[PDB]
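Colleague: Below: one structure in structure tokens.
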Amino acid sequence: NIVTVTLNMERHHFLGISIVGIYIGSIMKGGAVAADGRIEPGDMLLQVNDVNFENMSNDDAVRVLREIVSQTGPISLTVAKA
Ligand SMILES: CC(=O)/C(=N\Nc1cccc(S(=O)(=O)Nc2ccccc2C(=O)O)c1)C(=O)c1ccccc1
């Protein structure tokens, strides 16, 4: 089950996720992801905007998320539900 979740990123500064395939390791208080509710811990992160996460190292995925969260605009996260 694959779901795409688009977040406006206007009411919250950060996603509020940790990443540990790349999985959502945790969802944190105060982030856009927790407020939205559609993504859950354990979901597998497949794509963020136009960046596919296949074969990506954890360090590179953190760098990608940092760069995307730092730029203004919506963020679309495609996950496979746990
Ligand atoms: C809720 C939340 O998000 C949190 N800290 N967030 C966060 C932390 C570091 C870098 C980025 S980041 O701007 O570089 N963006 C990311 C880069 C990599 C992976 C994930 C993110 C992300 O946004 O989740 C976002 C917190 O609990 C928090 C607690 C106290 C004070 C401030 C924040």
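Colleague: For the stretch 24-38: of the residues being assigned to a loop (DSSP other than H, G, I, E, B) and within 11 Å of the ligand (Cβ to nearest atom), which is nearest to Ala82 (Cα to Cα)?
Modeller: Pass one, the stretch 24-38, residues assigned to a loop (DSSP other than H, G, I, E, B): 28-31, 37-38.
Still in the running and within 11 Å of the ligand (Cβ to nearest atom): 28-31.
Working: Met28: 18, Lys29: 20, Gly30: 22, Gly31: 20 Å.
The residue in question is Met28.
Colleague: Right, something else. Just to be sure before I move on: is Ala61 within 9 Å of the ligand (Cβ to nearest atom), outside any loop (DSSP other than H, G, I, E, B) and among the hydrophobic types (A, V, I, L, M, F, W, C) in the structure I sent?
Modeller: For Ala61, the condition - within 9 Å of the ligand (Cβ to nearest atom), outside any loop (DSSP other than H, G, I, E, B) and among the hydrophobic types (A, V, I, L, M, F, W, C) - is met.
Colleague: OK, next. Can you tell me which of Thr78, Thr4, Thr72 is touching a strand residue (DSSP E or B) at 6+ places or on another chain (Cβ under 8 Å) and loosely packed, with under 13 Cβ neighbours inside 10 Å? Give the steps one after another, and end with the answer.
Modeller: Numbers: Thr78 fails: loosely packed, with under 13 Cβ neighbours inside 10 Å; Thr72 fails: touching a strand residue (DSSP E or B) at 6+ places or on another chain (Cβ under 8 Å).
Unique residue meeting the criteria: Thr4.
Colleague: Name the single residue, out of those in the stretch 39-60 being crowded, with 17+ Cβ neighbours inside 10 Å and among the hydrophobic types (A, V, I, L, M, F, W, C), that is farthest from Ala80 (Cα to Cα). Write out each step before concluding.
Modeller: From the stretch 39-60, those crowded, with 17+ Cβ neighbours inside 10 Å are 39, 43, 45-46, 48, 53, 56; that's our starting set.
If we keep only those that are among the hydrophobic types (A, V, I, L, M, F, W, C) too, we end up with 39, 45-46, 48, 53, 56.
Numbers: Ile39: 9, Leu45: 7, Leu46: 7, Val48: 13, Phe53: 12, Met56: 16 Å.
Among those residues, the one meeting the criterion is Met56.
Colleague: As an exercise: evaluate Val69 against (1) near the ligand (Cβ under 10 Å from one of its atoms); (2) touching a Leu at 6+ places or on another chain (Cβ under 9 Å); (3) part of a loop (DSSP other than H, G, I, E, B) and give the number of the one condition it does not meet.
Modeller: Going through (1) near the ligand (Cβ under 10 Å from one of its atoms); (2) touching a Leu at 6+ places or on another chain (Cβ under 9 Å); (3) part of a loop (DSSP other than H, G, I, E, B) one by one, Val69 breaks only (3).
Colleague: Can you tell me how many residues within the stretch 39-50 are over 9 Å from the mean Cα position of the chain (by Cα), aliphatic (A, V, I, L, M) and assigned to a loop (DSSP other than H, G, I, E, B)?
Modeller: Residues that pass the stated criteria total 0.
Colleague: Tell me, yes or no, whether the stretch 5-23 has at least one residue that is assigned to a helix (DSSP H, G or I), within 13 Å of the ligand (Cβ to nearest atom), under 13 Å from the mean Cα position of the chain (by Cα) and of a type in the set (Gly, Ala, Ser). Let's see the steps before the verdict.
Modeller: The initial filter retains those residues of the stretch 5-23 that are assigned to a helix (DSSP H, G or I), namely none.
No: zero hits.
Colleague: Which condition number in (1) surrounded by 13 or more Cβ atoms within 10 Å (Cβ to Cβ); (2) within 12 Å of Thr78 (Cα to Cα) is the one that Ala34 fails?
Modeller: (2)
Colleague: Checking the conditions here, which among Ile19, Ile75, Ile39, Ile24 is of a type outside the set (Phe, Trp, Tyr) and touching a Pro at 6+ places or on another chain (Cβ under 6 Å)? Step through it out loud before you land on a result.
Modeller: On the way: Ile19 fails: touching a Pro at 6+ places or on another chain (Cβ under 6 Å); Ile75 fails: touching a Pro at 6+ places or on another chain (Cβ under 6 Å); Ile39 fails: touching a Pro at 6+ places or on another chain (Cβ under 6 Å).
Only one candidate passes the filter, namely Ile24.
A quick note on method: Cβ atoms are made from the backbone with ideal geometry, for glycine too, and the neighbour counts reach across all protein chains shown. Bear in mind that the values in this text are calculations on the coordinates, not laboratory data.
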